[PDB]
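Provided herewith is a single structure, encoded as structure tokens, for subsequent inquiry.
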Amino acid sequence: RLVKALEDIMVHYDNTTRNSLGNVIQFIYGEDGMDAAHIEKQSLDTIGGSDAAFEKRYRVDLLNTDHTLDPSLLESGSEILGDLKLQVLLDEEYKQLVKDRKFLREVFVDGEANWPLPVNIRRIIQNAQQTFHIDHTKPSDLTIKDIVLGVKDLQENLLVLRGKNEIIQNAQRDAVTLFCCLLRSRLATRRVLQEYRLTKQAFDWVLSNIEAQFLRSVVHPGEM
Amino acid sequence: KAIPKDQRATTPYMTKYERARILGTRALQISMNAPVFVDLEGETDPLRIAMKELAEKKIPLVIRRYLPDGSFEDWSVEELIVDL
Amino acid sequence: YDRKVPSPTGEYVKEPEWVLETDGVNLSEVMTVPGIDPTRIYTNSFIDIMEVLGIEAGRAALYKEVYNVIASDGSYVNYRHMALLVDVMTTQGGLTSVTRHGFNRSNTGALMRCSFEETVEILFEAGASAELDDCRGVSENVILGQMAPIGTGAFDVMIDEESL
Amino acid sequence: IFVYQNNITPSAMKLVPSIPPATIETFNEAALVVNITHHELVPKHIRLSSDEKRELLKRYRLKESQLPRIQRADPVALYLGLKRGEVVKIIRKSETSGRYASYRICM
Amino acid sequence: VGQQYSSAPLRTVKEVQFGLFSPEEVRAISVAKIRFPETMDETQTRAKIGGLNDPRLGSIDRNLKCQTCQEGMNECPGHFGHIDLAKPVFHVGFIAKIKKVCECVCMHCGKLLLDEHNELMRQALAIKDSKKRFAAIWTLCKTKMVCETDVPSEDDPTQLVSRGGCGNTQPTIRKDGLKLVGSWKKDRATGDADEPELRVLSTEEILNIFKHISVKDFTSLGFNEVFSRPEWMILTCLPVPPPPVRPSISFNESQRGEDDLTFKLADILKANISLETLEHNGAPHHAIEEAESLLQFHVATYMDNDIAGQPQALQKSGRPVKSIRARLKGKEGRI
Amino acid sequence: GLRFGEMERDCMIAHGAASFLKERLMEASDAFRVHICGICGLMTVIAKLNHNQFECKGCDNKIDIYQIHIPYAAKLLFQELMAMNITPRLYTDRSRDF
């Protein structure tokens, strides 16, 4: 009976899910445009633990001897201390991380952090670190503009919809919202330098892989 | 009702269904002694040759993608990016 | 019941709360009783939820119900599958069942699998109402000797006068 | 909007539709003691201007019959005072994407 | 297929629009007219007659000739025939519908028994299921039994509102085989208006009442102004399927042979003619009626064998039969 | 077992394997070639292939005409519907006059 009720529902080229009549059932398949065989359970960190922990983890205050990036994690570490213009970039990144946390805590009122999403970021990073034999001893040659502006640019490339009008572009921003929250928390500046230790080379490799895998995760029109 | 080469909002990427049908159409032709467009570095199995033609973007085929409303877009096998 | 809640420091903590479980349903009237949290009241009767809270709330509930029936055996099913089912049952504003409502249809074609030894009648009415067959099904297209506009056939292929 | 206590007379009820276009709505006090829109399972419905409606129907390129539907008497439509033909944008949280918007047209 | 050429662009069916064949179209496309209920031998001289199996329809004898379409018994897609009916007749498959439509519309002017003035009718009218809406309107209308002239407005019941003027009483229609019977009365048990009246509703009356139903009215019903007008459920011009449908078993040479459908067609044709030969020669009323219902019996059985009898009188004394619906019972059941 | 029924078909549909479904579900019946009016979806087209003349009277058609291949069992089923006063309009365009 279930088969009979859904048999005619297919994904069209507009990413819409419709029945034989042409009626819209889902304005975008699965509310995210993704193919289920390309989704994996991942942990949305931004959502868990105490705020102190949230701040210790993501907060970068170039204007504070204590809450700055130690000059050993970064090559240009010393000359970054007290940099007003960069600190403006780093505050944009933090306000966004704090919004994300609020947002997530509303969607998953529970507090649950592991949810199936496409592109396994942790795996991509474990690859980079092995591929470029990244030594956890020397400071990275990544710029703060490299990371912040880099992660910001990538987000404009994770495409599910392409329409050039206003409606579609909003639909596009919506569909990619949850994934982008995972993204921003995985590629926050302190994380990239303190935890992962990516070099400019490994990092640029990580960004293009995430885009490749993501696009490879979108559902194909014609899916029954 | 056709859409200009510009303004196509459909995927730049080839779908697994298109790849399956193109390879099958092309293979059928090769199975009937139709002219091949690549160098058979030893191949003899049609589908296997078709796959070779695809990789070298030498399949003169076009895909007509219809939209639920009736309009449609045209993408050449050449254009389509193949990553699956 | 234990309840995961944000503590003042930020981390989630368990905060037990008394809850009332009943035998019988009257959502509209209990919902209004003083002393409760009308914001969180619930019932496994997604039909009453629809009539009191609307179809969108009806949908959400129907998903919660289907989902429980699958979690009860520890089984897991990706969200989209149950979601698609729940949207179809909800698209027309009401809760449309799936366990065969119509004696003729659901979404077919006056050509697909001739049901009832009197297909004749299925065609007689299609004629009397000017039924328009979309021809997207598999059987209709089999009767027509064509391939269905699905998956591998949801687009056409053509020769290209471009290739040099 | 006419709020009453126990009920109205079937006679008077037929007195409602009688002054076009000005519409008249009725509510039984009881059905208002609690605001359903404040409920957990109820996502935000937002009435679209007929202008936003054309843009909607245009970009997705749909007939009006191809949109999901919402009953004229749906508790939420009654709340918003929806009129046959009007469209509501429904913005809900999603475990899949962050937010997902759907649309329903009043029948 | 068929190794020949046609400058006609090859394509695939994308949509199938169902509907009813109107008498006009059945003629517009027909090739022959079909009179003589016999075939082959015009004073012995075998061949074919301008009555059946030839006037234009597909051919036999390996003769390419076939309306200039040439080709042969393998490339020629049988051409359809024409055949006027002396009197109009119900199409077996719609008697049920025909009755219900009569219980919805007034049997004197064709005005729906319930307007947009009635509240329970508005709800029904809003439904989008040509199947369910019809059902809702019918259950609401079969109640009314007097084409009202004045109805209470959306205001004071004190004030009335006018509508199509035709106060006449409605009949309760019951079905008897292939005929519809109506009973009249000026209310139930009221003084000087007791007892009923039973007159059989003639096909001609039904036909004209339907022809007086407005586009809006029959469309609020499941009917379509272009593909399916109510009036067309009633037969006037019957289509004659070409030879490919109704074959002819010819064993080489000098032997009879024509399919059962052709036979049945003959009787329809015969009965149709014996009916006309009761007007050109004048005749009693009850006589022209028996003749009518005779035609009706064949046009009905020609398509469906499931009524009062099983007409199996076709060159066979053993008495065997076949029909179109039946033909599909092995073409709807074999597919 | 050994059959290929409804459940088996649903699986092939899910895989999106359309031609396989076509290959496996199509019967023996010959692929017959018919002509059709583009105005009325009927098989009332007179074809004189040597003279290149196509006419669908009742419609005044000679240019707006097409050709299609369909199993002969279909041609019959359709002509049989025409015999019962029912019209099975075959159209080449999905986009109606809408």
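Letters are used for the chains, namely A, B, C, D, E and F, taken in the order the chains are written, and counting of residues starts over at 1 for each.
Quick note on the criterion: contacts are C-beta pairs under 8 Å (C-beta built on N, C-alpha and C of every residue); 3 or more make two chains touch, one makes a residue touch a chain.
Q: Which groups of chains are still linked by touch once subunit F is set aside?
A: one piece
Q: Where each step is a move between two chains that touch, what is the least number of such steps from subunit D to subunit F?
A: The fewest steps needed to get from subunit D to subunit F is 2.
Q: By C-alpha centroid distance to the whole-protein centroid, which chain wins?
A: It is chain C that sits nearest the middle.
Q: With centres defined by CA atoms only, which chain is the most remote from subunit C?
A: Chain E.
Q: For the chain pair with the highest number of C-beta contact pairs, give its two chain identifiers.
A: The largest set of C-beta contacts joins the chains E-F.
Q: Can you check how far apart subunit A and subunit D are, centre to centre, with Cα atoms defining each centre and the answer in Å?
A: Whole-Å distance between the two chain centres: 36.
Q: From the mean C-alpha coordinate of subunit B to that of subunit D, what's the distance rounded to whole Å?
A: 47
Q: From the C-alpha centre of subunit A to that of subunit C, how far is it in Å?
A: 31
Q: Residues touching two or more other chains, restricted to subunit D: which are they?
A: 62-63, 65, 68, 95-96, 107
Q: Please list all residues of subunit A that touch 2 or more other chains.
A: Counting only residues that touch two or more other chains, subunit A contributes 7, 12, 14, 16, 18, 21-23, 25-26, 30-31, 163, 168, 221-224.
Q: Residues of subunit B that touch two or more other chains: which are they?
A: Touching at least two other chains: 17, 21, 65-69.
Q: Would you pull the subunit D residues touching subunit C in the complex into a rising list?
A: Spelled out, the residues of subunit D in touch with subunit C are 30-31, 33-34, 36, 38-43, 45, 68-71, 74-77, 90, 92, 95-96, 104, 107.
Q: Which of the residues in subunit D end up touching subunit A in this complex?
A: 55-56, 59-60, 62-63, 65-68, 93-103
Q: Across the complex, what residues on subunit B touch subunit A?
A: 7, 9-11, 13, 15-17, 65-69, 73, 83-84
Q: Which subunit F residues qualify as touching subunit E in the complex?
A: Those residues of subunit F that touch subunit E are 27, 30-35, 40-44, 46-54, 56-59, 65-70, 73, 75-77, 79-80, 82-94, 96.
Q: In their complex, what parts of subunit C are in touch with subunit B?
A: 149, 151-160, 162-163
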